[PDB]
Structure formats: structure tokens, C-alpha cells
């Protein structure tokens, strides 16, 4: 997938693509002038013997002291070497890549004052599929992607290590792989590379994509459970949704009618489609899932903007010759988006679990008192029904927001931070919880529909049944179930059901 990048125009779709697979990129020519221009600004500042913080001053107490021009190259290197004090397991190549591409997009907007040749270097590591070692922990989402970003730049200066073809090489052997040589940095270039919200942004983005995949899956899964228990379609009537006027819900109901259709053999084979009321977990799916869609749409907007943001410091405005110190490196926005996404992920998992319970019960579904065929011979999946409770419950605590916490770092000058990295990181596990839950819904609904011998559900829903059944057989009775769940989870993770959702509903899809 070749991209000709025009900085700051990244869409969430492209971001999905970048997160998902290898990317080949090159810059758009419209890019060259602003980048090159911001460098000449920095360059003339130096030459006019002027002194500017972030450009040619020292740091802290010395933030006021000029650094010998020839002293400047060692500053960079000291900055990079010093900040790589992260901790944890190393990010998978996917996230690295994404972060690499986000930093590139960001620098290339020509507000950062670093040479194109340095940007060009990053791009070359991207194109070569060489991914610098980045550890999961250390950043508080304020003062630049500081460790993760430092760990990234290490390889550029022939330091640290990088992964290639799944093997750890040296920052040197790997630079060569990319057709490069160890690089030396100039004024501002140290602060340009190490500062930004890219790490936290990639974390939050992965969570959004995850939240997105679960959403889609949940519409297919909730559609089967409606059928499995011979539920109504009336809860999906467009008019009820337009009368509430909630868009998330409006679009969600629409998605539901699309997948279920006006009726099915299954649905048609039950006298009427009204009688007894359906339980909230069925009936209020548009409302709840609808609320969830809104949530993930709000975050997506914030995150869509941040992915193209000029997030370093200080920023250089070559047109006016100004260099300004701000705080764009503060990822509060991103943190809140991550926290936002937590609620949607949890509540999708919550609703699916109650549908599982419904299904297993001696009614809430209208099938076997457990699906199997007697609580006394065996006792089917009342149990997988327990596993989903355990996963759903977890997400309740994981929902605790991180954007409200903060610790005064490095001498109460850095007296308020975001915690965006942790806000976002936790969504990944939250999505695993919700994914196992749905998988169990998926397996349960298909088991149940199965019991309704020879009957068929909607066209999209029969596709969802077949997707499962292509890899997991009907579990009609006593035998080790864990491996069914395990398999269902994978298919979900491979986006098995994603294609059934109508297009343009989800931000990145």
C-alpha cells in the first residue's frame, strides 16, 4: 500500500491501514518548502548570534544560558541518550510503525525545525520494515513522548536495537538494512524528535480500532441472539429511533435492520413477532449500542485530530521568524478520549453478557435450559456463561479513568501531566475481555439457532453462522469447550464479522 503523504491530512481509515499492515510512504512535494523553511529559521537564529530556548539554550536553570554552537550537536545526542529510561515489554511492530508514521506526519508539517533528511531517515526505516525498540512504559503523556520517543531516536544515532524480520538487530545493522548510516543531530532536532503525543496517540488509536471491531461484531452477535430466542424486530423500527433523535442509536438501529431484514424463516416460523415484551438486553440494543457508537465517535474525532497535530516544542513559525514555547506536548485530550473509549468497550461487553445469560436461562431464549440438553445429564455452556461474567466484571474496574490522575514531575515545573499512555494502554485488555464475551455470545447463538432444526436466519446472519461453523463445529454436548471459545476469539480478532456491518458507520471503517 503506497502512500504519498501530505502532512496532517491523515484519515482514520489510513491510520487503520497503517496500524494494520506494512506501509510504504514518501513525502508529497508540497511538503518540502515548510520543512526546509523552518530549518532555515532555526539556522538564521544561530547565525545572528541570537539565543532561543529549545533551539540553543541549555535546560532547566540554564534554560537561560546559550550553548556554544559547536556544542549543539552533543546536546541532541545527550537529550536522546538521557531520556531513553522507559520500562516494560517492547511494543509490537504494528504500534512502533504507527508511532513512526505519526511522528513523521507531525514533523513534516514544517513547524518543527528539523531537516528533511532526518525525516527522510524515519520514513526509510518505515519503508524498510525496521522497527526500533520501544518499551511499553515510562511516559506520563507530558514533556514529549519522552522515553518511547527517545528509544525510537536511539536507533537513528546508531544506538539501541531495532527489530527486523522479527529479529533484534543492532541500531547499526538495522540502519544499514534501511540503507542508512548513524545520524548526528542539530539545533532543536533533539526536542523535535523526543517531544510529542504520538506514543499515547497510537495507544488510543489501537483502542479505538479495537472498540470499532467489537462494535461491528456486537451487531452481528446481538442479531443472532435475537433470532436464537425468537426475539422481535420491532425494537429496531426506524421511527422509534428518529423520535428519540439520538444519532448513534439512529445509525445503530439502521445497522440492525440491515443485518436482520424485515423477517426470516426462523422469525417467520414463530406465530407473531410481538406478544411478550423482549428483555432490555434485546430491546434496548439500539439505545445502549447507540450510546456506545457516539462515545467511540467522539474519541475518534479527538484522536483523528491529534494524529495530524504538531505536538513538539518549542514550535517554529518561519513566516514571522518566531520561535515559541507552548505545551502542545500535553496529551490531556488524548487521555480523555482513551477514558471515553473505556465506557463504550465495557458497555458493549456488558450488554453481550446479559444476552448470554438470557440465552442460557430456561427462557430468556426459548431454547434448552442451558443450550446443551439438560442440567442433569451434562449441562452445556451455563458455564461459558460464567466465563463471560468474569470478563465483563473486570472491565468495570478497568473503566476507572486515568485522565484524572497526575503527579508533579521534575521539580513542579512539570506540575501537571496527562497519563494518556496508561489511559490508552488499558483499552487493549478491555477489548480482550469484551472480545471473549462476544465470542461466547457468537458461539451460543449459533448453538441455539442450530437447535431450531433446519431453520435459517438473515442473509448476513447466516454468513455469521457460517463464519463460525467453518472452524468451530456445533458443540451439541459434553466435550471440552474452552477450545471453542479460543477459536471464536481468534476469528473475531481476525475481523471475521467486521465485513457484515454497513459501510460508513464507524469512523475508521
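Positions refer to the first chain, counted from 1.
Annotation for 368-376 versus 420-428: the higher mean temperature factor (C-alpha) is found in 368-376. Mean CA temperature factor is higher for 68-76 when stretches 68-76 and 119-127 are set side by side in the entry. The entry assigns its greatest Cα B factor, within the set 275, 257, 83, 396, to 275. Out of 63, 37, 29, 455, it is 63 whose C-alpha atom has the highest B-factor in the PDB entry. In the deposited entry, the Cα temperature factor of residue 232 sits in the bottom third of values across the chain's modelled residues. In the PDB entry, residue 381 places in the highest third of its chain by CA B-factor. In this PDB entry, residue 402 carries a Cα temperature factor that places it within the middle third of its chain's modelled residues. Among the modelled residues of the chain, residue 8 sits in the lowest third by CA temperature factor in this PDB entry. Per the deposited record, the Cα B-factor of residue 349 falls in the lowest third when ranked against the other modelled residues of its chain.
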